[PDB]
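K.L.:
Starting off with a structure, shown below.
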2 protein chains.
Amino acid sequence: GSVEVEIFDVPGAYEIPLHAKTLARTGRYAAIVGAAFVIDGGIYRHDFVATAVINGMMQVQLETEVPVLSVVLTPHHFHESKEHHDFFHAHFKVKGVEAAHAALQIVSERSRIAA
Amino acid sequence: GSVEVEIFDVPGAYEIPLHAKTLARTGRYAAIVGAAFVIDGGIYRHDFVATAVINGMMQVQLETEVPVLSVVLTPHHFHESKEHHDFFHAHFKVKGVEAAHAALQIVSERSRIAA
């Protein structure tokens, strides 16, 4: 109960950096977490959007001085064979806990070095 | 009605060269057509089996002197998004007619040069 998490929905991974910048400039937040699943669909190339999103999140966190943790993940292969579907459920379940621990420790450290 | 086609079922693309060799050595056939859809499932590599099948069909047709036409096709991308599923139905529909024309022409030419 010491930390409250607010959920913000967004149509796609491309819309995350600007939303993060707005929420960072509005204050009220010690850290920002952005999660998405960027997938190569086999028709169009997907690396441009992933690179843009990662670089934009880094630029936003450098601009506003608010930590932004990345949970946008691009798998090597995903062909929707229900085996990948079963695997990535549990893998993202693990990644959520990892991101929570990272966010807690980075916020604590940043508050420590500011004194 | 001048040409009769007999259908032979086979569990996978790997089992085609030996079946073709048996049907070629048994006689009764002027040409042999082998069809399969070799797909990269995203877990294991698929090029070894495709290379083996193509080379084996070529070796069989050189050994038995019976034409073997290849309708084993390996797409660049296939992620089972129902768009690929709709596309490849019609594309294989076209490939069947192409293979029929090729078989007729090659049998006629081979019978011609043997006189």
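Scheme for the structure tokens: letters A, B, ... for chains in order shown; per-chain residue numbers from 1; ligand numbers from 1 in order shown.
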Against chain A, which residues of chain B fall within 9 Å? For each one I want the closest pair of atoms and the distance in Å (one decimal), counting only C-alpha atoms, rows by chain and increasing residue number, as a Markdown table.
P.N.:
```
| residue | atom | partner | partner_atom | distance |
| --- | --- | --- | --- | --- |
| B:41 | CA | A:79 | CA | 6.8 |
| B:42 | CA | A:77 | CA | 5.5 |
| B:43 | CA | A:77 | CA | 7.7 |
| B:76 | CA | A:42 | CA | 8.7 |
| B:77 | CA | A:42 | CA | 5.5 |
| B:78 | CA | A:42 | CA | 6.5 |
| B:79 | CA | A:79 | CA | 4.4 |
| B:80 | CA | A:79 | CA | 6.6 |
| B:81 | CA | A:80 | CA | 7.8 |
```
K.L.:
Can those selected residues be exported to a file as a PDB file, in the first residue's frame so that it contains N, CA, C and O atoms?
P.N.:
```pdb
ATOM      1  N   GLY B  41       8.289 -23.221 -38.919  1.00  0.00           N
ATOM      2  CA  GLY B  41       7.372 -23.070 -37.806  1.00  0.00           C
ATOM      3  C   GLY B  41       7.816 -22.117 -36.723  1.00  0.00           C
ATOM      4  O   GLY B  41       7.044 -21.853 -35.798  1.00  0.00           O
ATOM      5  N   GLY B  42       9.035 -21.591 -36.813  1.00  0.00           N
ATOM      6  CA  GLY B  42       9.544 -20.663 -35.830  1.00  0.00           C
ATOM      7  C   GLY B  42      10.275 -21.293 -34.666  1.00  0.00           C
ATOM      8  O   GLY B  42      10.821 -20.560 -33.832  1.00  0.00           O
ATOM      9  N   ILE B  43      10.308 -22.619 -34.578  1.00  0.00           N
ATOM     10  CA  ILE B  43      11.005 -23.326 -33.506  1.00  0.00           C
ATOM     11  C   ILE B  43      12.258 -24.020 -34.028  1.00  0.00           C
ATOM     12  O   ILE B  43      13.360 -23.791 -33.528  1.00  0.00           O
ATOM     13  N   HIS B  76       8.670 -17.504 -48.158  1.00  0.00           N
ATOM     14  CA  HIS B  76       9.572 -16.661 -47.380  1.00  0.00           C
ATOM     15  C   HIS B  76       9.060 -16.476 -45.957  1.00  0.00           C
ATOM     16  O   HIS B  76       9.828 -16.569 -44.992  1.00  0.00           O
ATOM     17  N   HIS B  77       7.764 -16.210 -45.807  1.00  0.00           N
ATOM     18  CA  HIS B  77       7.159 -15.966 -44.506  1.00  0.00           C
ATOM     19  C   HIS B  77       5.767 -16.576 -44.465  1.00  0.00           C
ATOM     20  O   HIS B  77       5.010 -16.475 -45.434  1.00  0.00           O
ATOM     21  N   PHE B  78       5.436 -17.209 -43.339  1.00  0.00           N
ATOM     22  CA  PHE B  78       4.097 -17.763 -43.139  1.00  0.00           C
ATOM     23  C   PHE B  78       3.866 -17.855 -41.632  1.00  0.00           C
ATOM     24  O   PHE B  78       4.379 -18.770 -40.984  1.00  0.00           O
ATOM     25  N   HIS B  79       3.097 -16.911 -41.093  1.00  0.00           N
ATOM     26  CA  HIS B  79       2.876 -16.815 -39.657  1.00  0.00           C
ATOM     27  C   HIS B  79       1.458 -17.196 -39.250  1.00  0.00           C
ATOM     28  O   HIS B  79       1.069 -16.949 -38.104  1.00  0.00           O
ATOM     29  N   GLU B  80       0.681 -17.790 -40.156  1.00  0.00           N
ATOM     30  CA  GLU B  80      -0.661 -18.297 -39.862  1.00  0.00           C
ATOM     31  C   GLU B  80      -1.574 -17.193 -39.325  1.00  0.00           C
ATOM     32  O   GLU B  80      -2.218 -17.329 -38.284  1.00  0.00           O
ATOM     33  N   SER B  81      -1.624 -16.087 -40.066  1.00  0.00           N
ATOM     34  CA  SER B  81      -2.455 -14.944 -39.711  1.00  0.00           C
ATOM     35  C   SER B  81      -3.738 -14.885 -40.530  1.00  0.00           C
ATOM     36  O   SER B  81      -4.413 -13.851 -40.534  1.00  0.00           O
TER      37      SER B  81
END
```
K.L.:
If DSSP is run on the backbone, what residues of chain A are alpha helix (DSSP H)? A reply as a ChimeraX atom specification would be ideal.
P.N.:
/A:16-25,47-64,83-113
K.L.:
Which neighbours of residue A:18 fall inside 12 Å, counting only C-alpha atoms, when residues of the same chain fewer than 3 positions from it are skipped, and could you give them as JSON, numbers by chain?
P.N.:
{"A": [10, 12, 13, 14, 15, 21, 22, 23, 24, 25, 34, 52, 53, 56, 57, 58, 59, 60, 61, 63, 64]}
K.L.:
Please produce a file of the residues just selected, as a tab-separated table (two decimals), in the first residue's frame, where the atoms kept are N, CA, C and O atoms.
P.N.:
```
chain	number	residue	atom	x	y	z
A	10	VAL	N	-3.31	2.61	-24.15
A	10	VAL	CA	-2.74	3.27	-25.31
A	10	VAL	C	-2.89	2.35	-26.52
A	10	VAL	O	-2.69	1.14	-26.40
A	12	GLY	N	-1.18	1.61	-29.25
A	12	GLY	CA	-0.07	0.84	-29.75
A	12	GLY	C	1.24	1.33	-29.18
A	12	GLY	O	1.31	2.35	-28.51
A	13	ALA	N	2.31	0.58	-29.49
A	13	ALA	CA	3.61	0.89	-28.91
A	13	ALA	C	4.13	2.26	-29.36
A	13	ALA	O	4.91	2.88	-28.64
A	14	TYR	N	3.69	2.73	-30.53
A	14	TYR	CA	4.16	4.01	-31.04
A	14	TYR	C	3.67	5.19	-30.21
A	14	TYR	O	4.29	6.26	-30.25
A	15	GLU	N	2.57	5.03	-29.47
A	15	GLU	CA	1.96	6.13	-28.74
A	15	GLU	C	2.49	6.26	-27.31
A	15	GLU	O	1.98	7.09	-26.55
A	21	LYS	N	5.94	11.31	-21.77
A	21	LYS	CA	6.40	12.68	-21.58
A	21	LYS	C	5.35	13.53	-20.89
A	21	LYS	O	5.67	14.31	-19.99
A	22	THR	N	4.09	13.39	-21.29
A	22	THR	CA	3.02	14.16	-20.65
A	22	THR	C	2.90	13.80	-19.17
A	22	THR	O	2.83	14.68	-18.31
A	23	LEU	N	2.90	12.50	-18.87
A	23	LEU	CA	2.76	12.07	-17.48
A	23	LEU	C	3.98	12.44	-16.65
A	23	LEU	O	3.87	12.60	-15.43
A	24	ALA	N	5.15	12.55	-17.27
A	24	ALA	CA	6.34	12.96	-16.54
A	24	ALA	C	6.32	14.46	-16.25
A	24	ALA	O	6.66	14.88	-15.14
A	25	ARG	N	5.93	15.27	-17.23
A	25	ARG	CA	5.88	16.71	-17.00
A	25	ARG	C	4.76	17.10	-16.06
A	25	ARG	O	4.85	18.14	-15.40
A	34	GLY	N	6.47	1.40	-19.20
A	34	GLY	CA	5.77	1.21	-20.45
A	34	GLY	C	5.92	-0.19	-21.00
A	34	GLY	O	7.04	-0.66	-21.19
A	52	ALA	N	12.37	3.24	-32.86
A	52	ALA	CA	11.84	4.57	-32.58
A	52	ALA	C	11.29	4.65	-31.16
A	52	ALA	O	11.53	5.63	-30.45
A	53	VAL	N	10.56	3.62	-30.73
A	53	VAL	CA	9.94	3.64	-29.41
A	53	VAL	C	11.01	3.61	-28.32
A	53	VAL	O	10.94	4.37	-27.35
A	56	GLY	N	12.86	6.91	-28.27
A	56	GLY	CA	12.00	7.97	-27.78
A	56	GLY	C	11.80	7.91	-26.28
A	56	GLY	O	11.76	8.94	-25.61
A	57	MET	N	11.66	6.70	-25.73
A	57	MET	CA	11.55	6.57	-24.27
A	57	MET	C	12.83	7.03	-23.59
A	57	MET	O	12.78	7.72	-22.56
A	58	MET	N	13.99	6.67	-24.15
A	58	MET	CA	15.24	7.15	-23.57
A	58	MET	C	15.34	8.67	-23.63
A	58	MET	O	15.74	9.32	-22.66
A	59	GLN	N	14.96	9.26	-24.77
A	59	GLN	CA	15.01	10.71	-24.91
A	59	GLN	C	14.06	11.38	-23.92
A	59	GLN	O	14.41	12.41	-23.33
A	60	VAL	N	12.87	10.82	-23.74
A	60	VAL	CA	11.90	11.40	-22.81
A	60	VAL	C	12.43	11.35	-21.38
A	60	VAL	O	12.34	12.33	-20.63
A	61	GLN	N	13.00	10.21	-20.98
A	61	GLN	CA	13.50	10.10	-19.61
A	61	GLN	C	14.71	10.99	-19.38
A	61	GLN	O	14.92	11.47	-18.26
A	63	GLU	N	15.02	13.92	-20.95
A	63	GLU	CA	14.48	15.27	-21.00
A	63	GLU	C	13.82	15.66	-19.68
A	63	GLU	O	14.08	16.74	-19.15
A	64	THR	N	12.97	14.79	-19.15
A	64	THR	CA	12.14	15.13	-18.00
A	64	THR	C	12.74	14.70	-16.67
A	64	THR	O	12.18	15.04	-15.62
```
K.L.:
I'd like the interatomic distance between atom CA of residue A:5 and atom CA of residue A:87, to a tenth of an Å.
P.N.:
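Distance between the two atoms: 26.3 Å.
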K.L.:
May I have the residues within 8 Å of residue B:67 as a PyMOL selection string, using only C-alpha atoms and disregarding those fewer than 6 positions away in the same chain?
P.N.:
chain B and resi 30-32+61+106-107
K.L.:
May I have the residues from that selection written out with N, CA, C and O atoms, as a compact mmCIF listing (two decimals), in the first residue's frame?
P.N.:
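For reference, out10.txt as written:
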```txt
# COMPACT_ATOMS: atom_id res chain seq x y z
N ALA B 30 4.48 -42.35 -66.87
CA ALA B 30 5.32 -41.53 -67.72
C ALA B 30 5.89 -40.32 -66.99
O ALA B 30 6.90 -39.76 -67.45
N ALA B 31 5.29 -39.90 -65.89
CA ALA B 31 5.79 -38.78 -65.11
C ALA B 31 5.28 -38.92 -63.68
O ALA B 31 4.29 -39.61 -63.42
N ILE B 32 5.97 -38.25 -62.76
CA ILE B 32 5.65 -38.29 -61.34
C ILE B 32 5.65 -36.87 -60.81
O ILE B 32 6.57 -36.10 -61.09
N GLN B 61 15.00 -38.96 -60.15
CA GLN B 61 14.64 -38.82 -61.55
C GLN B 61 15.83 -39.07 -62.47
O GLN B 61 15.66 -39.54 -63.59
N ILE B 106 6.46 -31.74 -71.05
CA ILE B 106 7.69 -32.51 -70.91
C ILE B 106 7.50 -33.94 -71.38
O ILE B 106 8.38 -34.52 -72.02
N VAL B 107 6.34 -34.55 -71.09
CA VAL B 107 6.10 -35.91 -71.56
C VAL B 107 6.05 -35.94 -73.08
O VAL B 107 6.64 -36.83 -73.72
```
K.L.:
Enumerate as a PyMOL selection string all residues of stretch 4-76 of chain B assigned to strand (DSSP E or B) by DSSP on the backbone, naming them with the chain letters and numbers the document uses.
P.N.:
chain B and resi 32-37+68-73
K.L.:
Only C-alpha atoms, please: the residues just picked out, written as a PDB file, in the first residue's frame.
P.N.:
```
ATOM      1  CA  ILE B  32       5.648 -38.292 -61.342  1.00  0.00           C
ATOM      2  CA  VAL B  33       4.459 -35.179 -59.488  1.00  0.00           C
ATOM      3  CA  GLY B  34       5.249 -34.512 -55.840  1.00  0.00           C
ATOM      4  CA  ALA B  35       3.529 -31.754 -53.862  1.00  0.00           C
ATOM      5  CA  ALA B  36       4.150 -30.480 -50.333  1.00  0.00           C
ATOM      6  CA  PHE B  37       4.232 -27.251 -48.317  1.00  0.00           C
ATOM      7  CA  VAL B  68       9.684 -35.897 -61.601  1.00  0.00           C
ATOM      8  CA  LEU B  69       8.055 -32.467 -61.354  1.00  0.00           C
ATOM      9  CA  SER B  70       8.488 -30.525 -58.115  1.00  0.00           C
ATOM     10  CA  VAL B  71       5.538 -28.750 -56.498  1.00  0.00           C
ATOM     11  CA  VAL B  72       7.208 -28.603 -53.083  1.00  0.00           C
ATOM     12  CA  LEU B  73       7.268 -24.913 -52.193  1.00  0.00           C
TER      13      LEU B  73
END
```
K.L.:
What is the distance, in Å and to one decimal place, between atom CA of residue A:29 and atom CA of residue A:103?
P.N.:
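A separation of 12.0 Å between them.
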